[PDB]
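Text of start_37.cif, listed as mmCIF, C-alpha atoms:
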data_structure
#
loop_
_atom_site.group_PDB
_atom_site.id
_atom_site.type_symbol
_atom_site.label_atom_id
_atom_site.label_comp_id
_atom_site.auth_asym_id
_atom_site.auth_seq_id
_atom_site.Cartn_x
_atom_site.Cartn_y
_atom_site.Cartn_z
ATOM 1 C CA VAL A 1 0.000 0.000 0.000
ATOM 2 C CA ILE A 2 2.576 2.495 1.069
ATOM 3 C CA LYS A 3 5.918 1.855 -0.837
ATOM 4 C CA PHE A 4 8.991 3.713 0.276
ATOM 5 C CA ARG A 5 12.624 2.892 -0.579
ATOM 6 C CA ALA A 6 14.894 1.288 1.952
ATOM 7 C CA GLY A 7 17.657 -1.334 2.516
ATOM 8 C CA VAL A 8 18.723 -3.474 5.477
ATOM 9 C CA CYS A 9 21.144 -2.436 8.244
ATOM 10 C CA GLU A 10 23.082 -4.011 10.988
ATOM 11 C CA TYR A 11 21.389 -6.301 13.489
ATOM 12 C CA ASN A 12 23.490 -5.267 16.377
ATOM 13 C CA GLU A 13 22.417 -2.640 18.874
ATOM 14 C CA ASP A 14 24.200 -4.135 21.951
ATOM 15 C CA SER A 15 26.920 -1.669 21.379
ATOM 16 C CA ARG A 16 24.815 0.521 19.112
ATOM 17 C CA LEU A 17 26.933 -0.232 15.951
ATOM 18 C CA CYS A 18 25.871 1.002 12.635
ATOM 19 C CA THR A 19 27.694 0.313 9.343
ATOM 20 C CA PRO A 20 25.951 0.821 6.015
ATOM 21 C CA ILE A 21 27.050 -1.961 3.600
ATOM 22 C CA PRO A 22 25.539 -0.695 0.299
ATOM 23 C CA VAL A 23 22.475 -2.782 -0.349
ATOM 24 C CA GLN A 24 19.117 -2.411 -2.070
ATOM 25 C CA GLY A 25 15.593 -3.442 -1.362
ATOM 26 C CA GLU A 26 12.098 -2.072 -0.632
ATOM 27 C CA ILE A 27 9.832 -1.744 2.543
ATOM 28 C CA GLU A 28 6.161 -2.007 1.997
ATOM 29 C CA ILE A 29 3.639 -1.293 4.787
ATOM 30 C CA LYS A 30 0.436 -3.340 4.413
ATOM 31 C CA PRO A 31 -2.140 -3.296 7.300
ATOM 32 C CA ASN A 32 -2.205 -7.029 6.580
ATOM 33 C CA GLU A 33 -4.767 -8.030 4.026
ATOM 34 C CA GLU A 34 -5.518 -11.066 6.121
ATOM 35 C CA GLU A 35 -6.103 -8.735 9.102
ATOM 36 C CA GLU A 36 -5.224 -11.488 11.569
ATOM 37 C CA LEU A 37 -4.553 -9.019 14.338
ATOM 38 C CA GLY A 38 -4.645 -5.957 12.004
ATOM 39 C CA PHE A 39 -1.208 -5.046 13.121
ATOM 40 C CA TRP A 40 1.000 -3.511 10.525
ATOM 41 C CA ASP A 41 3.708 -5.818 9.204
ATOM 42 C CA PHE A 42 6.670 -4.195 7.441
ATOM 43 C CA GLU A 43 7.693 -6.815 4.969
ATOM 44 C CA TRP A 44 11.060 -6.034 3.438
ATOM 45 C CA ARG A 45 11.943 -7.433 0.125
ATOM 46 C CA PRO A 46 15.436 -7.914 -1.184
ATOM 47 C CA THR A 47 17.125 -6.732 -4.281
ATOM 48 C CA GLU A 48 20.561 -7.570 -2.877
ATOM 49 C CA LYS A 49 21.042 -10.139 -0.152
ATOM 50 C CA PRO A 50 21.964 -9.205 3.400
ATOM 51 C CA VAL A 51 25.641 -9.432 4.212
ATOM 52 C CA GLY A 52 27.768 -8.977 7.290
ATOM 53 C CA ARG A 53 24.468 -9.316 9.381
ATOM 54 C CA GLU A 54 22.015 -11.725 11.026
ATOM 55 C CA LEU A 55 19.150 -10.078 9.200
ATOM 56 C CA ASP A 56 17.029 -12.079 6.840
ATOM 57 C CA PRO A 57 13.947 -11.246 4.675
ATOM 58 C CA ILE A 58 10.752 -11.454 6.857
ATOM 59 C CA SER A 59 7.321 -9.947 7.340
ATOM 60 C CA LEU A 60 7.434 -8.589 10.931
ATOM 61 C CA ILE A 61 4.346 -7.490 12.744
ATOM 62 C CA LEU A 62 4.421 -4.457 14.937
ATOM 63 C CA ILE A 63 2.900 -4.640 18.371
ATOM 64 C CA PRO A 64 1.458 -1.341 19.815
ATOM 65 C CA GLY A 65 3.411 -0.203 22.842
ATOM 66 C CA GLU A 66 6.074 -2.957 22.782
ATOM 67 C CA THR A 67 7.648 -1.423 19.682
ATOM 68 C CA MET A 68 9.353 1.824 20.340
ATOM 69 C CA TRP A 69 10.409 4.443 17.828
ATOM 70 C CA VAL A 70 13.895 5.812 18.258
ATOM 71 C CA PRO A 71 14.826 8.472 15.650
ATOM 72 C CA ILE A 72 18.489 7.859 15.813
ATOM 73 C CA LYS A 73 20.554 5.183 17.409
ATOM 74 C CA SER A 74 23.999 5.887 16.107
ATOM 75 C CA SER A 75 25.671 9.288 15.952
ATOM 76 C CA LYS A 76 28.427 7.774 13.773
ATOM 77 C CA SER A 77 26.149 7.232 10.905
ATOM 78 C CA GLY A 78 22.772 8.807 10.198
ATOM 79 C CA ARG A 79 19.900 7.775 7.976
ATOM 80 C CA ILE A 80 18.893 4.916 10.155
ATOM 81 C CA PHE A 81 15.403 3.841 10.997
ATOM 82 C CA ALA A 82 15.528 2.164 14.459
ATOM 83 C CA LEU A 83 12.704 -0.234 15.270
ATOM 84 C CA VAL A 84 13.206 -1.841 18.614
ATOM 85 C CA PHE A 85 11.162 -5.027 19.211
ATOM 86 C CA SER A 86 10.630 -6.343 22.727
ATOM 87 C CA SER A 87 11.307 -10.121 22.673
ATOM 88 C CA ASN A 88 10.387 -10.487 18.890
ATOM 89 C CA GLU A 89 13.907 -9.865 17.274
ATOM 90 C CA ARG A 90 15.052 -6.235 16.611
ATOM 91 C CA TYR A 91 15.402 -4.919 13.145
ATOM 92 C CA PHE A 92 17.191 -1.904 11.796
ATOM 93 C CA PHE A 93 16.834 -0.372 8.292
ATOM 94 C CA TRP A 94 18.850 2.239 6.302
ATOM 95 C CA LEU A 95 17.921 4.755 3.629
ATOM 96 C CA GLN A 96 19.576 3.091 0.578
ATOM 97 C CA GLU A 97 20.192 6.483 -1.102
ATOM 98 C CA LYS A 98 23.591 8.189 -0.665
ATOM 99 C CA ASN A 99 22.537 11.295 -2.733
ATOM 100 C CA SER A 100 19.697 12.065 -0.309
ATOM 101 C CA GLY A 101 19.287 13.043 3.312
ATOM 102 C CA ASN A 102 22.901 14.098 3.789
ATOM 103 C CA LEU A 103 21.177 16.582 6.099
ATOM 104 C CA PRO A 104 22.887 16.936 9.631
ATOM 105 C CA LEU A 105 21.557 14.428 12.163
ATOM 106 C CA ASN A 106 18.514 15.683 14.252
ATOM 107 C CA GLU A 107 15.496 13.485 13.889
ATOM 108 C CA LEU A 108 17.078 12.132 10.696
ATOM 109 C CA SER A 109 16.420 8.672 9.443
ATOM 110 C CA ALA A 110 16.029 9.717 5.718
ATOM 111 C CA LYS A 111 13.996 12.715 6.583
ATOM 112 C CA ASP A 112 13.290 14.441 9.841
ATOM 113 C CA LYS A 113 9.795 15.600 10.352
ATOM 114 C CA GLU A 114 8.208 13.384 7.645
ATOM 115 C CA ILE A 115 9.329 10.088 9.174
ATOM 116 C CA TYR A 116 8.494 11.077 12.669
ATOM 117 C CA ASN A 117 4.870 11.557 11.884
ATOM 118 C CA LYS A 118 4.594 8.362 9.843
ATOM 119 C CA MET A 119 5.988 6.009 12.500
ATOM 120 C CA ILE A 120 3.970 7.082 15.467
ATOM 121 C CA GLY A 121 0.792 7.283 13.449
ATOM 122 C CA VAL A 122 1.180 3.676 12.411
ATOM 123 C CA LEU A 123 1.830 2.148 15.853
ATOM 124 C CA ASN A 124 -1.348 3.703 17.266
ATOM 125 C CA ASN A 125 -3.521 2.311 14.505
ATOM 126 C CA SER A 126 -4.744 -1.264 14.432
ATOM 127 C CA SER A 127 -7.175 -1.332 11.524
#

How does this structure look as structure tokens?
Amino acid sequence: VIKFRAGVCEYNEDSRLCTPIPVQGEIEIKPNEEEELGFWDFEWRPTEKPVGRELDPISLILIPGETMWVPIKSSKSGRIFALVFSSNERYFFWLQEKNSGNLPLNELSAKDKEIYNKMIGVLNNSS
């Protein structure tokens, strides 16, 4: 339903590591056609395989209140969407573009204000 461009990024967040390894993909937000629990899976879809990371293609359902939104997790590298999953495997994502969002880090994850609205709005919803 909502397509936006993104790639995968490092699993680790024990020591808050972030290293972009150039990679390509898509995220697509669907409110689940099946509507099993209505919760909004982000299924990522590969164009280049993960590397250097535990991450794997999946369709991962987002639980209201047990998934927190963090705008930035690593000062070392920006453009990182941080999706922290309580006991359901964390996943981190990176804006694949390197010609976009070279804006200084603030609420940056690709874009500042735009992403901040999107993420919160989704967690609250259920339908």

Q. Nearest to residue 115 (chain A): which of A:71, A:65, A:38, A:101 is it, counting all atoms listed in the file?
A.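 Looking only at the distances to residue 115 (chain A), the closest residue turns out to be A:71.
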
**Q.** Reference answer for the PyMOL selection byres ((chain A and resi 8) around 6), as number ranges by chain
**A.** A: 7, 9, 93-94

Q) Written as number ranges by chain, what is the full residue list that the PyMOL selection byres ((chain A and resi 24) around 8) yields on the file shown? A) A: 6-8, 22-23, 25-26, 46-48, 96

Q. Leaving out residue 68 (chain A) and any residue of its chain fewer than 5 positions from it, which residues lie within 12 Å of it when counting all atoms listed in the file, given as a PyMOL selection string?
A. chain A and resi 62-63+81-86+90-91+119-120+122-124

(Q) When you count only C-alpha atoms, which of these residues is closest to residue 52 (chain A): A:10, A:112, A:107, A:97? (A) A:10

Q. Quick one: which residues end up in the PyMOL selection byres ((chain A and resi 104) around 12) for this structure, as a list in words?
A.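 So the PyMOL selection byres ((chain A and resi 104) around 12) ends up selecting residues 72, 75, 76, 77, 78, 79, 100, 101, 102, 103, 105, 106, 107, 108, 109, 110, 111 and 112 of chain A.
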
Q. Could you name the residues that touch residue 56 (chain A) at 10 Å or less, counting all atoms listed in the file, but leaving out those on the same chain fewer than 3 positions away, as an MDAnalysis selection string?
A. chainID A and resid 8 11 44:46 49:51 53 59 91

Q: Can you work out the spacing between CA of residue 92 (chain A) and CA of residue 61 (chain A) in Å, to one decimal?
A: 14.0 Å

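Across the structure, CA of residue 55 (chain A) and CA of residue 42 (chain A) are spaced 13.9 Å apart.
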
Q: Counting only C-alpha atoms, figure out which residue out of A:60, A:2, A:27, A:80 gets nearest to residue 95 (chain A).
A: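 Using only C-alpha atoms, residue 95 (chain A) sits closest to A:80.
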
Q: Could you jot down the CA of residue 33 (chain A) to CA of residue 126 (chain A) separation for me, Å, one decimal place?
A: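 Interatomic distance here is 12.4 Å.
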
Hey, what's within 9 Å of residue 127 (chain A) if we count all atoms listed in the file and toss same-chain stuff fewer than 3 positions away? As an mmCIF file with C-alpha atoms, keeping the file's coordinate frame, please?
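The result, stored in out.cif:
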data_model
loop_
_atom_site.group_PDB
_atom_site.id
_atom_site.type_symbol
_atom_site.label_atom_id
_atom_site.label_comp_id
_atom_site.auth_asym_id
_atom_site.auth_seq_id
_atom_site.Cartn_x
_atom_site.Cartn_y
_atom_site.Cartn_z
ATOM 1 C CA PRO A 31 -2.140 -3.296 7.300
ATOM 2 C CA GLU A 35 -6.103 -8.735 9.102
ATOM 3 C CA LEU A 37 -4.553 -9.019 14.338
ATOM 4 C CA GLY A 38 -4.645 -5.957 12.004
ATOM 5 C CA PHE A 39 -1.208 -5.046 13.121
ATOM 6 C CA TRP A 40 1.000 -3.511 10.525
#

Q) Taking only C-alpha atoms into account, which of A:32, A:73, A:43, A:118 comes nearest residue 12 (chain A)? A)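 Of all the options, A:73 lies closest to residue 12 (chain A).
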